[PDB]
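Take a look at this single chain, the form deposited in one PDB entry, given in structure tokens.
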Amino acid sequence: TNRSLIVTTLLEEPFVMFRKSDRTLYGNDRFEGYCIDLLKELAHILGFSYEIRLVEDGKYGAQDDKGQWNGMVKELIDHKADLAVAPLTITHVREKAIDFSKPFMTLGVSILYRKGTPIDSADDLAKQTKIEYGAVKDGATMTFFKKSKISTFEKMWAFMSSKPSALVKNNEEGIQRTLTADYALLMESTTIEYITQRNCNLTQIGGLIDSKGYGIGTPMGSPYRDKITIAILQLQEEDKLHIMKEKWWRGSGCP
């Protein structure tokens, strides 16, 4: 009741990153970003402490065809962490196994690609194969496509699940692929927004395919979830999260 909460997370700019330093860092001090700021603010408000640990398999979390979970979702299921502090998408399938705080950020799935394509929608992607496309493996975006019954997205998932190379390990690998190949990444929109201010030859293709939130993950029936939710709620009324988003998204202009 006073012990430090175990926080599971993974590296994802600009939510969670290794901060820069000449010396070798350790413990919580290794980390910085939007999600680290949020965590600090919550811990201040609620008077708790924590130890940050990186999820070993580097995954957000998905269920294989035998109902077995992995990634951060699994860490929460097994109660190996008290919180998942990351851009962890709140979804219907995940809510069957774990709980989430109220949403701290709104986003939707869209498309990341190089500038200068006739392609202007998911429809255009789905009806060709010249431009390859995919998504991060074992996260919310993959799961969305795998479960969709909308024809366009059904065809896209038919393609994705057929190409072994098409699913990337993480956003970073995906972004690198869009820069070095004829490849479009299905990516969440807040990240696209951050990436396209920095890599000036990349852009969002089309609009948002859905609308959903990020939440702090907890094991189902966690005693910390509600107070975190209330803490988040108050930060939001004074627009603290908006400000915090600006701090980590602001910067690099484009020609």
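Numbering starts at 1 and follows the sequence shown. For the two forms, the rigid core is made up of the largest set of C-alpha atoms that agree within 1.5 Å on superposition.
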Check whether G253 goes without coordinates in at least a third of the other compared PDB entries of this protein that model residues on both sides of it.
-> yes
May I ask you to compare 130 to 138 and 113 to 121 by their mean CA B factor in the entry and name the higher one?
-> 113 to 121
Higher of the two mean Cα B-factors (60 to 68, 225 to 233; per PDB record) comes from 60 to 68
Tell me which of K102, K74, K146, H92 tops the list for C-alpha B factor in the record.
-> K146
Compare the C-alpha B factor of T24 with those of the other modelled residues in its chain, then answer lowest, middle or highest third.
-> middle
Of the three thirds of the chain ranked by Cα temperature factor, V7 occupies the lowest
Give the position of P87 by CA B-factor within its chain, expressed as the lowest, middle or highest third.
-> lowest
If you rank every modelled residue in this chain by C-alpha B factor, which third holds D239: lowest, middle or highest?
-> highest
Based on the entry's values, in what third of the chain does the Cα temperature factor of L107 lie: lowest, middle or highest?
-> lowest
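We do not show the form deposited in another entry, though everything after this point is about it.
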Did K163 shift 2 Å or more between the shown form and the other one, C-alpha, core superposed = yes
For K127, decide whether the Cα shift between the shown form and the other one is 2 Å or greater, given a superposition on the rigid core.
-> yes
